[PDB]
Amino acid sequence: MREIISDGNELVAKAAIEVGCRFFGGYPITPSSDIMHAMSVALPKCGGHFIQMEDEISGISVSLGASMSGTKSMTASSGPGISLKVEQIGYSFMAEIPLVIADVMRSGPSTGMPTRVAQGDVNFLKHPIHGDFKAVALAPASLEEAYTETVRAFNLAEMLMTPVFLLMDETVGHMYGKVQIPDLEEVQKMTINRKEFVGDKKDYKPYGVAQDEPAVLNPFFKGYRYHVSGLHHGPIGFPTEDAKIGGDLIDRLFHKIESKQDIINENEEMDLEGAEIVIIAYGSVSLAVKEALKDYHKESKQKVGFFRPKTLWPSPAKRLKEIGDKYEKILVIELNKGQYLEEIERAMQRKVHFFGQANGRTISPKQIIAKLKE
Amino acid sequence: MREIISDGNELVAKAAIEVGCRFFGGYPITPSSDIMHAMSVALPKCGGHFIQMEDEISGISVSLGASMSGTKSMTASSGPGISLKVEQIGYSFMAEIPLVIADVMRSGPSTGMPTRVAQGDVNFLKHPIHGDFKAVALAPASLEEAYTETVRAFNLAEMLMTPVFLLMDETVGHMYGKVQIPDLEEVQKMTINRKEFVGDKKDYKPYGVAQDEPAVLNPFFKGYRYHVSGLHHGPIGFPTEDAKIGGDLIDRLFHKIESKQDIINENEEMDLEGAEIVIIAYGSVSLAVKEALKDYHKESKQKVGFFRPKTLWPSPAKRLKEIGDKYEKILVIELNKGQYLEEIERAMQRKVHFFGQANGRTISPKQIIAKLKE
Amino acid sequence: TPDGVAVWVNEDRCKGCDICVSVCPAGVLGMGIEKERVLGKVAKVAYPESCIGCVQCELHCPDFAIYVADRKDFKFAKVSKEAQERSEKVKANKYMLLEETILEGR
Amino acid sequence: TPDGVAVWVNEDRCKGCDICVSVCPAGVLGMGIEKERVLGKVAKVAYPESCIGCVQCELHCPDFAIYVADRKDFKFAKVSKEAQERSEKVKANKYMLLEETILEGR
Amino acid sequence: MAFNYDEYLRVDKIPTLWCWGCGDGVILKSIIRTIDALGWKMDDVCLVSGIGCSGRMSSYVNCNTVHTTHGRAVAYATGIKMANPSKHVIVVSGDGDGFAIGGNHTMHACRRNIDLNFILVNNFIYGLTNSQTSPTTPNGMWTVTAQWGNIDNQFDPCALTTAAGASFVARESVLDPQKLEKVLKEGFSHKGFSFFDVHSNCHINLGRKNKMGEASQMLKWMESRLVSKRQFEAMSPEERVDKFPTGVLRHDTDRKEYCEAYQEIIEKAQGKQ
Amino acid sequence: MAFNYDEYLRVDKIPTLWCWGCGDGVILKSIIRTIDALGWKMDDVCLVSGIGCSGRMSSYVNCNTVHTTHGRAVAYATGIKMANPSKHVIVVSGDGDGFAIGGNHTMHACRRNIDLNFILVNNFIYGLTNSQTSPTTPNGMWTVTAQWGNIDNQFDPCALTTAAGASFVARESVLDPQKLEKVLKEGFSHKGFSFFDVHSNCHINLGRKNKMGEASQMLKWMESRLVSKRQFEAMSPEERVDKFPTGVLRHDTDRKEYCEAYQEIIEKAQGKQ
Amino acid sequence: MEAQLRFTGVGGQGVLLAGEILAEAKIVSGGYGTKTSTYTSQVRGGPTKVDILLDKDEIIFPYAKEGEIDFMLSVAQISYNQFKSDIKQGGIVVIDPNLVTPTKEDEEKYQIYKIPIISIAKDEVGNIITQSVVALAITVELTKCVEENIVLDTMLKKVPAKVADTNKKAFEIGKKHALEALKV
Amino acid sequence: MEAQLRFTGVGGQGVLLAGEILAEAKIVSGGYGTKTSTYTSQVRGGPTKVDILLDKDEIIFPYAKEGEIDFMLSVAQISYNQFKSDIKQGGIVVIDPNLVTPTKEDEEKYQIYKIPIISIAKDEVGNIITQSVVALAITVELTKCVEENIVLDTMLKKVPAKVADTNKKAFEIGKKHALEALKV
Ligand SMILES: Cc1ncc(C[n+]2csc(CCOP(=O)(O)OP(=O)(O)O)c2C)c(N)n1
Ligand SMILES: Cc1ncc(C[n+]2csc(CCOP(=O)(O)OP(=O)(O)O)c2C)c(N)n1
Ligand code: SF4
Ligand code: SF4
Ligand code: SF4
Ligand code: SF4
Ligand code: SF4
Ligand code: SF4
Ligand SMILES: [Mg+2]
């Protein structure tokens with residue numbers, strides 16, 4: 001278990017390189033530029049290709065093209081840049097092209113406060129594209145998690161063949177300190193690669209799979225010729241407009257994601273035994289919560305639990321419902337006007353307390369203690 | 001009143017012309033090209049300006065520029081084109097620049113079936129931009145509504161100083177028949193123009209308005225010289241990064257819309273007295289529902305109600321909760337995988353029956369009768 | 001490639017774009033009326049004997065319907081001024097094969 | 001525009017970009033050490049009586065820190081080779097005023 | 001390649017589907033013949049094309065075909081080519097494509113000199129979406145969005161690509177497939193960004209409303225508007241209106257490939273330093 | 001215009017904010033002097049600028065000022081001018097702006113010839129975002145995304161705009177502000193799309209890693225790079241390496257403005273039909 | 001309801017243009033009519049259909065219902081083989097022998113008629129573009145849902161006059177051929 | 001926890017770089033350290049600051065708590081005006097009199113010290129870029145949170161070798177001046 005001193009963006013780049021990413025493409029924008037800087041020096045190390053395009057649309061298009069032929073690629077942006085990629089993301093969802101998109105959240109709306117921190121890109125990435133879309137999105141909340149979460153995002157993108165968002169934060173991105181990461185052997189052993197059809201003849205069935213598994217795509221220039229497109233495609237990939245196939249394709253796309261729910265989402269639950277209140281929250285805000293709960297032990301007759309989801313989408317509604325039914329007081333802490341509170345309220349079929357702040361500053365966990373007094 | 005024989009798109013263009021729109025710009029795309037084709041001939045009649053750019057970003061940017069100087073302007077798109085405007089919409093939300101965006105839905109996701117009908121742009125337009133956002137979205141559902149709803153959308157956009165969406169549908173747009181519309185005098189008299197600070201001193205305070213009303217913006221080249229930008233601005237418009245002003249700006253942006261709710265959302269309720277099952281639905285789907293209740297009512301041991309919201313966002317939660325509490329059987333009918341189901345279930349803190357279809361085909365109200373048997 | 005023929009067309013594909021008959025130096029094709037199909041006019045070879053190695057017709061068919069036999073296994077005729085005169089006369093009749101051509105079903 | 005001053009510098013707007021000194025044909029300007037400011041050096045007018053109507057310096061200052069008098073109300077000096085020699089030996093001294101100029105603080 | 005066009009095609013999609021006689025099958029045949037002439041093996045060629053009226057070409061050839069979104073074909077092709085910098089990639093797009101909306105992609109690809117084979121099928125208008133106005137549409141014509149005469153001026157793809165920095169610029173047309181195939185043969189073997197401007201015809205949306213409703217009339221109009229490079233160079237500046245030189249226009253020889261330079265960057269970057 | 005710069009400036013915002021000696025205040029002074037010299041009234045002048053290191057110029061002039069998003073400044077300016085086709089609007093943007101991300105917008109604005117006053121501040125990098133690689137950075141220099149020497153080629157904004165179809169193309173620099181002011185005075189009075197390529201200096205971010213960390217060194221480097229138009233035209237083709245001709249490069253005097261023709265469309269189209 | 005009509009053909013022919021004329025005539029006559037066009041993404045040579053609903057009261061659903069389409073008119077095999085399943089048993093079907101070859105089961109199921117609309121329009125009148133005017137010229141006597149005077153007026157106020165005269169002639173010709181179709 | 005430090009200045013001076021060296025020295029010594037930097041959208045001339053948290057145990061919250069910050073080193077009046085209120089009562093403040101002038105309340109409340117860091121770097125050492133090495137030399141001599149030798153080694157293995165020796169010399173000078181600041 002090697003330990004190193006670094007910051008969030010360096011750790012994200014190192015995890016991406018060590019997982020096996022060999023392609024990058026994007027546009028420079030504060031504060032998601034350090035990842036590009038690290039990749040531009042770390043990709044020639046291993047023979048990878050780095051290229052800075054003229055905008056973000058090309059930045060994601062080149063990554064999609066590179067990963068369509070069988071190369072592990074990634075892209076990184078922040079705020080407005082992500083707003084320019086939503087056209088291609090849906091394509092990556094429909095053609096089933098793996099991709100990892102890092103998003104260092106900053107102060108929305110449009111440009112506003114480019115040097116501040118906010119969590120306003122949650123409901124945006126819940127359903128960013130037009131039409132139907134099932135979203136998978138992680139949420140690092142510590143320096144030690146900027147590595148393992150990136151590894152998990154790459155593994156999920158390879159296993160499900162769907163784009164995966166990494167909701168990195170400015171506070172996590174720019175904090176500098178000492179971290180512990182798993183050894184190289186463990187990381188290389190747990191790596192997951194996409195499936196290949198070694199069989200004879202030709203693939204001929206890239207999308208001819210069951211109702212709960214993704215597509216099998218072979219690398220280009222290898223003998224198996226198939227046609228990929230963003231239209232509703234049949235077993236081979238040619239566009240179609242039949243009612244049965246069109247309605248079955250989207251159902252399969254949803255079911256392949258909503259069936260692996262036992263392994264897709266994790267969550268950290270602490271002090272959930274005998275707790276009177278819960279301080280359910282996600283992301284870098286948890287870094288404040290874990291501090292405040294360390295000081296509220298001084299005289300509190302009541303015990304406060306904490307339930308932090310690790311994968312924002314799809315939400316853990318099954319556990320949320322039981323948590324809401326079991327406990328009486330629920331507290332939600334966020335860094336926006338309550339856009340993830342809507343999902344928590346839809347679950348539990350209940351109304352819960354909220355504590356938001358969207359001025360571009362942190363929480364300062366003294367405020368958490370002041371709110372716990374009620 | 002007057003009676004004409006026409007289609008939905010020409011009615012929308014006519015209503016836009018009558019309300020006083022004088023600038024249009026966009027990139028033509030099926031099946032929303034009909035509105036552009038009508039406007040391109042209608043606007044030079046009254047001295048307006050019609051310009052077609054190379055893409056959608058410029059198409060909405062020119063409309064924003066024209067309406068920034070004190071001119072009524074609108075833009076139209078469909079599906080993927082809307083996905084290319086979300087970068088500018090947030091800008092229009094932050095600088096308080098009025099605009100009306102028409103969206104003729106088709107079969108999402110990306111191109112897929114570009115000649116079908118779907119309702120997948122509801123959860124998308126609930127929160128299309130990054131950061132925080134308060135969406136206003138109308139929903140025409142009849143030939144007679146493509147005129148009055150367009151006039152109401154223009155009036156709301158001018159009154160609130162915020163982008164307003166018009167959720168037109170392919171079925172409503174392409175339908176043809178006889179329509180009755182209000183007379184010229186009343187339509188012209190109901191028009192609402194944006195307020196301007198005439199005064200004697202100079203403006204000196206374009207963004208210094210109360211905490212529950214929009215900002216006043218005088219036209220350019222008239223003596224008042226102020227600064228407009230997308231950053232968090234102060235009373236005049238110069239960017240600032242103060243916590244208090246930054247929080248108050250977004251608080252006022254939300255409150256200016258959430259406090260006029262009584263004038264924003266209208267909904268049509270019929271046969272709600274003594275009904276056993278409600279068939280709550282929206283948009284062109286109602287065109288089937290209203291027929292089905294005419295045939296099910298011929299022989300039945302129960303009465304069936306109907307509650308169609310004419311304004312999707314912001315949602316009428318106060319009435320939805322009462323409707324859910326009053327009755328026992330609920331049924332939501334949509335043309336997607338349950339995107340507006342989430343808000344209906346979040347309201348009334350309850351679970352309801354669902355009926356959806358996402359293969360690009362209509363509902364065929366015989367299916368409504370079959371499903372009502374349960 | 002049928003034996004004994006130089007240029008032959010496929011009637012199941014040809015649409016009648018008036019392109020193949022507009023490039024023949026000898027004018028051996030003509031668009032005859034065929035009411036069984038949608039467009040109504042289909043290309044028919046009229047003078048296969050006067051075929052020249054100018055593969056232009058197959059080069060000007062965007063439909064994959066007309067083919068011309070190869071030089072190795074077939075012999076093509078020579079260029080004569082009568083061929084050019086016939087080509088220009090057929091071209092000057094809106095690409096429709098002239099009536100006298102049907103004197104022998106050509 | 002003070003009386004009898006051909007060129008004057010605003011010390012609160014100067015930064016020390018060295019552009020103003022580098023374009024003075026007459027060798028009138030020079031940079032002096034000022035520890036009270038961030039960049040440590042400020043532009044100073046050393047020989048105003050040798051100034052020339054070459055407003056180039058004011059045309060090259062990006063921070064609105066140096067101003068020149070006006071021809072209509074001021075009589076400017078003439079061209080001499082001593083001034084050009086001084087300008088050359090000032091440019092050779094890293095755009096700073098030479099030690100001899102400290103003869104009277106000019 | 002020859003009378004046997006079915007070896008390089010998918011049998012299940014033929015016949016074509018464009019209108020009845022659109023000048024798009026000729027381009028396909030020329031591409032097939034040229035790709036066979038060089039001896040290229042079809043297991044190495046990737047054909048990427050965007051949405052529109054010319055994208056259907058991706059659905060007929062039997063190879064690794066990619067159908068991209070509007071105007072992003074060049075970026076996907078660049079990603080594919082740098083992913084495997086040893087295989088041949090051909091891009092096919094229309095006028096409403098990367099020379100109308102994705103202009104930045106084409107200009108920057110020309111600037112950085114990546115080994116692509118961009119082929120523009122020019123029909124002067126938006127064929128699929130019922131005859132809108134294009135940047136290459138001559139002024140004074142009838143379009144659905146300009147019912148009184150187009151006012152926007154004309155882009156020059158060859159001049160613009162030359163200004164951007166393309167290494168091989170050539171123009172041809174469907175009026176003569178032999179010279180088009182020869183130009184394609186000369187340009188494919190190059191080792192830089194090759195641009196091929198091809199003049200096609202759209203008689204269904206352009207000629208119907210501009211007194212050119214027949215394919216023959218449009219073809220003869222395009223033939224009249226097109227002259228050879230030497231002949232065009234032999235004319236007076238006033239006479240050079242509405243004229244376009246034909247053939248290989250620029251074939252500069254000494255340029256450095258982007259991949260060839262990134263290879264040196266890789267070698268001298270961290271290859272033991 | 002003169003010692004009285006405070007009439008056209010927001011004196012509260014003064015002093016400027018750039019670095020200590022960035023060559024952007026000179027361009028602001030030249031713009032102010034040119035505006036006053038033509039007799040323009042500040043109540044009829046709108047200044048719209050994109051977001052970047054050169055966008056701060058829109059926060060100092062005392063007029064109707066607009067600060068748009070990245071690369072969209074030209075579109076907002078086009079909309080504003082079309083709304084009020086009787087006033088003067090000036091666009092200020094950098095090289096990372098509409099020649100990098102908004103290339104399509106600039107090219108189409110040149111094509112349709114909208115009555116704008118585009119001014120491009122050229123510092124050869126992305127100054128605001130700490131020295132990235134611009135589409136105008138010469139090869140061999142050290143940037144943050146190319147730490148072994150830039151390999152991407154260079155653009156030619158004047159040549160690119162001329163090929164696009166701009167009506168007035170000129171190039172100057174901050175080396176001789178008088179020539180810059182004269183060319184700005186000549187270009188503003190024109191009745192078409194005027195393009196000004198102004199070579200500025202960024203010593204803090206570009207020259208720091210290239211042994212040009214002082215303003216004077218970078219200024220003399222650009223002085224060596226820049227030659228007059230006649231001298232450049234008199235040089236040998238081998239002598240024109242990394243040489244840019246200054247002065248007005250194209251001043252075509254026969255072009256129909258877009259609004260001037262849309263007025264005729266309005267008059268003859270629905271003017272009582 | 002009164003009329004449920006389905007006109008099918010190949011894109012680029014012109015027969016389907018005569019759809020909205022009948023709906024407009026019925027609307028002017030006092031009733032209500034709705035037209036919905038199903039087109040394929042193929043510009044030319046693709047199957048295209050038009051569904052028309054005519055009634056005396058307000059039409060709520062613009063779309064028809066399977067098994068309830070009273071009348072069908074087809075001039076192409078591609079669309080005939082596709083959209084033939086919605087015709088009510090013993091309905092009215094019209095085709096042309098030069099472009100459609102039906103099956104014996106459809107003959108037993110329907111009351112199919114054979115009128116070569118395209119040949120009549122192109123050969124007799126002289127201009128083929130008027131085929132649509134010919135086609136509806138039969139429909140007037142096929143469903144007998146509207147008088148001829150209103151249809152003639154709607155035709156007059158929907159076509160440029162420069163050919164309208166000869167256009168009228170085409171209409172008359174169709175009527176005669178309609179009177180030659182009722183051999184029973 | 002053990003230490004909360006704040007280094008403030010003007011963007012472009014390089015004094016702030018002396019911070020993370022202390023964090024890494026504490027990390028190597030056997031503790032935990034965290035650094036958070038506050039900057040502006042201004043490349044040069046703007047106010048910049050860095051906060052450093054040093055503790056013997058795990059650090060959870062990265063940011064510093066207002067009203068508790070222990071040590072502050074400022075070489076600019078613009079920054080010192082804004083980032084001064086967070087200092088706890090009776091804290092340690094180091095300034096250079098040539099660029100910073102504190103009010104009477106600050107002198108009554110804090111334990112301010114006046115050392116001309118930039119003048120020492122330029123005139124005493126010879127190279128102004130090494131000013132950070134001077135500033136760090138003061139901090140270790142006033143807070144004593146990290147042992148000297150660890151700091152010297154960490155600084156030495158973090159700078160280019162071509163100047164290494166003189167860098168060490170700079171450190172020495174700083175210590176001397178700190179020992180001259182203890183006149184109280
Ligand atoms: C996703 C999508 N984008 C665009 C269109 C419509 N469309 C088809 S072609 C075109 C313009 C580009 O066509 P172009 O390449 O210029 O020429 P074409 O060969 O199609 O005639 C547009 C807007 C569509 N139906 N769907
Ligand atoms: C809201 C926002 N969007 C995008 C960016 C990214 N960005 C803004 S300016 C800039 C650099 C562009 O430099 P350029 O315009 O070429 O000239 P410069 O400003 O460096 O003088 C970048 C990458 C940002 N900082 N903020
Ligand atoms: S060119 Fe081909 S498709 Fe056209 S008429 Fe001749 S044979 Fe038929
Ligand atoms: S091959 Fe030549 S001679 Fe024969 S039909 Fe074709 S064009 Fe005529
Ligand atoms: S006006 Fe001329 S002589 Fe006087 S200080 Fe300026 S540059 Fe020197
Ligand atoms: S040019 Fe101006 S800002 Fe620069 S040193 Fe001279 S007076 Fe100061
Ligand atoms: S619409 Fe035009 S470009 Fe498209 S297939 Fe038809 S003729 Fe060709
Ligand atoms: S970073 Fe460069 S361009 Fe920006 S203000 Fe500083 S010197 Fe000027
Ligand atoms: Mg085209």
# chains A, B, ... in the order shown; residues from 1 in each chain; ligands from 1
$ residues_near_ligand --ligand "ligand 3" --cutoff "6 Å" --atoms "only C-alpha atoms and all ligand atoms" --output "VMD selection string"
chain C and resid 9 14 to 20 43 60 to 61 63 65 to 66
$ write_last_selection --atoms "C-alpha atoms" --output "mmCIF file, in the first residue's frame"
data_model
loop_
_atom_site.group_PDB
_atom_site.id
_atom_site.type_symbol
_atom_site.label_atom_id
_atom_site.label_comp_id
_atom_site.auth_asym_id
_atom_site.auth_seq_id
_atom_site.Cartn_x
_atom_site.Cartn_y
_atom_site.Cartn_z
ATOM 1 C CA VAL C 9 -29.224 -3.375 -68.600
ATOM 2 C CA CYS C 14 -33.142 1.137 -63.791
ATOM 3 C CA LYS C 15 -35.206 4.223 -62.968
ATOM 4 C CA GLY C 16 -34.948 6.442 -66.050
ATOM 5 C CA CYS C 17 -32.635 9.291 -65.053
ATOM 6 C CA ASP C 18 -31.790 10.011 -68.732
ATOM 7 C CA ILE C 19 -28.052 9.899 -67.977
ATOM 8 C CA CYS C 20 -26.852 6.683 -69.642
ATOM 9 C CA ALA C 43 -33.698 2.201 -70.886
ATOM 10 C CA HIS C 60 -22.532 7.323 -65.619
ATOM 11 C CA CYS C 61 -25.030 4.949 -63.985
ATOM 12 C CA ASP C 63 -27.869 2.884 -59.905
ATOM 13 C CA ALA C 65 -28.107 -1.322 -63.644
ATOM 14 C CA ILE C 66 -26.149 -1.241 -66.944
#
$ interface_residues --of "chain A" --to "chain F" --cutoff "8 Å" --atoms "only C-alpha atoms" --output "ChimeraX atom specification"
/A:28-30,36-37,40-41,52,54-55,111
$ write_last_selection --atoms "C-alpha atoms" --output "short mmCIF file (atom, residue, chain, number, x, y, z; two decimals), in the first residue's frame"
data_model
loop_
_atom_site.label_atom_id
_atom_site.label_comp_id
_atom_site.auth_asym_id
_atom_site.auth_seq_id
_atom_site.Cartn_x
_atom_site.Cartn_y
_atom_site.Cartn_z
CA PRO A 28 -8.57 23.88 -21.21
CA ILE A 29 -10.87 25.49 -18.65
CA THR A 30 -10.52 26.47 -14.99
CA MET A 36 -5.03 17.98 -18.89
CA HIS A 37 -1.60 19.26 -17.82
CA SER A 40 -0.07 15.84 -21.54
CA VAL A 41 3.14 14.75 -19.78
CA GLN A 52 -5.92 19.43 -27.40
CA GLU A 54 -10.28 23.61 -30.76
CA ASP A 55 -13.34 23.21 -28.50
CA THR A 111 -19.68 31.83 -15.93
#
$ residues_near_ligand --ligand "ligand 9" --cutoff "6 Å" --atoms "only C-alpha atoms and all ligand atoms" --output "JSON list (two decimals) with N, CA, C and O atoms, in the first residue's frame"
[["chain", "number", "residue", "atom", "x", "y", "z"],
["E", 94, "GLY", "N", -21.12, 16.17, -46.78],
["E", 94, "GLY", "CA", -21.75, 17.10, -47.71],
["E", 94, "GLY", "C", -21.40, 18.55, -47.42],
["E", 94, "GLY", "O", -20.55, 18.87, -46.59],
["E", 95, "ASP", "N", -22.09, 19.44, -48.14],
["E", 95, "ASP", "CA", -21.86, 20.87, -47.97],
["E", 95, "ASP", "C", -22.43, 21.37, -46.65],
["E", 95, "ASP", "O", -21.78, 22.14, -45.94],
["E", 96, "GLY", "N", -23.65, 20.95, -46.31],
["E", 96, "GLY", "CA", -24.23, 21.29, -45.02],
["E", 96, "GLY", "C", -23.47, 20.69, -43.86],
["E", 96, "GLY", "O", -23.66, 21.12, -42.71],
["E", 122, "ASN", "N", -20.62, 18.11, -53.04],
["E", 122, "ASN", "CA", -21.21, 19.44, -53.13],
["E", 122, "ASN", "C", -22.44, 19.38, -54.03],
["E", 122, "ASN", "O", -22.33, 19.03, -55.21],
["E", 123, "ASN", "N", -23.60, 19.74, -53.48],
["E", 123, "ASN", "CA", -24.82, 19.88, -54.25],
["E", 123, "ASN", "C", -25.44, 21.27, -54.09],
["E", 123, "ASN", "O", -26.56, 21.49, -54.57],
["E", 124, "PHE", "N", -24.75, 22.18, -53.41],
["E", 124, "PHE", "CA", -25.02, 23.61, -53.27],
["E", 124, "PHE", "C", -26.18, 23.92, -52.33],
["E", 124, "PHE", "O", -26.39, 25.09, -52.02],
["E", 125, "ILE", "N", -26.93, 22.93, -51.84],
["E", 125, "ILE", "CA", -28.08, 23.18, -50.97],
["E", 125, "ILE", "C", -28.22, 22.07, -49.94],
["E", 125, "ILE", "O", -27.46, 21.09, -49.95],
["E", 126, "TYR", "N", -29.20, 22.21, -49.04],
["E", 126, "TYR", "CA", -29.55, 21.16, -48.08],
["E", 126, "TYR", "C", -30.52, 20.21, -48.76],
["E", 126, "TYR", "O", -31.72, 20.48, -48.86],
["E", 127, "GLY", "N", -30.00, 19.08, -49.25],
["E", 127, "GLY", "CA", -30.83, 18.15, -49.99],
["E", 127, "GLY", "C", -31.89, 17.48, -49.14],
["E", 127, "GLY", "O", -33.04, 17.32, -49.57]]
$ residues_near_ligand --ligand "ligand 7" --cutoff "6 Å" --atoms "only C-alpha atoms and all ligand atoms" --output "PDB file with N, CA and C atoms, in the first residue's frame"
ATOM      1  N   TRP E  18     -31.448   7.046 -53.239  1.00  0.00           N
ATOM      2  CA  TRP E  18     -31.269   8.482 -53.022  1.00  0.00           C
ATOM      3  C   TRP E  18     -32.440   9.308 -53.554  1.00  0.00           C
ATOM      4  N   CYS E  19     -32.550   9.483 -54.875  1.00  0.00           N
ATOM      5  CA  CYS E  19     -33.840   9.923 -55.394  1.00  0.00           C
ATOM      6  C   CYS E  19     -34.350   9.034 -56.519  1.00  0.00           C
ATOM      7  N   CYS E  22     -29.633  10.696 -58.507  1.00  0.00           N
ATOM      8  CA  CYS E  22     -28.711  11.633 -57.880  1.00  0.00           C
ATOM      9  C   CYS E  22     -27.267  11.211 -58.114  1.00  0.00           C
ATOM     10  N   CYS E  53     -27.769  13.840 -46.443  1.00  0.00           N
ATOM     11  CA  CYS E  53     -28.222  13.190 -47.661  1.00  0.00           C
ATOM     12  C   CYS E  53     -27.157  12.311 -48.298  1.00  0.00           C
ATOM     13  N   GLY E 127     -29.995  19.080 -49.248  1.00  0.00           N
ATOM     14  CA  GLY E 127     -30.831  18.152 -49.991  1.00  0.00           C
ATOM     15  C   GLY E 127     -31.892  17.478 -49.139  1.00  0.00           C
ATOM     16  N   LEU E 128     -31.528  17.064 -47.924  1.00  0.00           N
ATOM     17  CA  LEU E 128     -32.427  16.228 -47.134  1.00  0.00           C
ATOM     18  C   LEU E 128     -33.588  17.026 -46.554  1.00  0.00           C
ATOM     19  N   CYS E 202     -28.280  18.014 -57.546  1.00  0.00           N
ATOM     20  CA  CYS E 202     -29.524  17.797 -56.805  1.00  0.00           C
ATOM     21  C   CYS E 202     -30.646  18.437 -57.616  1.00  0.00           C
ATOM     22  N   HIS E 203     -31.205  17.677 -58.557  1.00  0.00           N
ATOM     23  CA  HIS E 203     -32.258  18.187 -59.425  1.00  0.00           C
ATOM     24  C   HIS E 203     -33.631  18.184 -58.766  1.00  0.00           C
ATOM     25  N   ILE E 204     -33.796  17.481 -57.647  1.00  0.00           N
ATOM     26  CA  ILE E 204     -35.112  17.352 -57.033  1.00  0.00           C
ATOM     27  C   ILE E 204     -35.430  18.561 -56.160  1.00  0.00           C
ATOM     28  N   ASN E 205     -34.420  19.139 -55.515  1.00  0.00           N
ATOM     29  CA  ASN E 205     -34.647  20.270 -54.624  1.00  0.00           C
ATOM     30  C   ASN E 205     -34.129  21.592 -55.174  1.00  0.00           C
TER      31      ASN E 205
END
$ closest_atom_pairs --of "chain F" --to "chain E" --cutoff "7 Å" --atoms "only C-alpha atoms" --output "CSV"
residue,atom,partner,partner_atom,distance
F:103,CA,E:104,CA,5.4
F:104,CA,E:103,CA,5.4
F:111,CA,E:153,CA,5.8
F:112,CA,E:152,CA,5.1
F:148,CA,E:269,CA,6.9
F:151,CA,E:261,CA,6.9
F:152,CA,E:112,CA,5.3
F:153,CA,E:112,CA,5.5
F:154,CA,E:111,CA,6.9
F:155,CA,E:164,CA,6.6
F:159,CA,E:163,CA,6.2
F:160,CA,E:163,CA,5.5
F:163,CA,E:160,CA,5.6
F:164,CA,E:155,CA,6.6
F:269,CA,E:148,CA,7.0
$ select_by_dssp --residues "chain H" --states "strand (DSSP E)" --output "ChimeraX atom specification"
/H:3-10,32-38,47-55,69-74,87-95,113-114
$ residues_around --residues "residue 89 in chain G" --least-positions-apart "6" --cutoff "12 Å" --atoms "only C-alpha atoms" --output "list in words"
residues 66, 67, 68, 69, 70, 71, 105, 106, 107, 108, 109, 110, 111 and 112 of chain G
$ atom_distance --atom1 "CA of residue 14 in chain F" --atom2 "CA of residue 196 in chain F"
25.5 Å
$ interface_residues --of "chain F" --to "chain D" --cutoff "9 Å" --atoms "only C-alpha atoms" --output "list in words"
residues 3, 5, 14, 15, 16, 20, 21, 22, 23, 24, 25, 26, 27, 28, 29, 30, 174, 175, 176, 177, 178, 214, 215 and 216 of chain F
$ residues_around --residues "residue 154 in chain G" --least-positions-apart "4" --cutoff "9 Å" --atoms "only C-alpha atoms" --output "PyMOL selection string"
chain G and resi 21-22+24-25+28+149-150+158-159
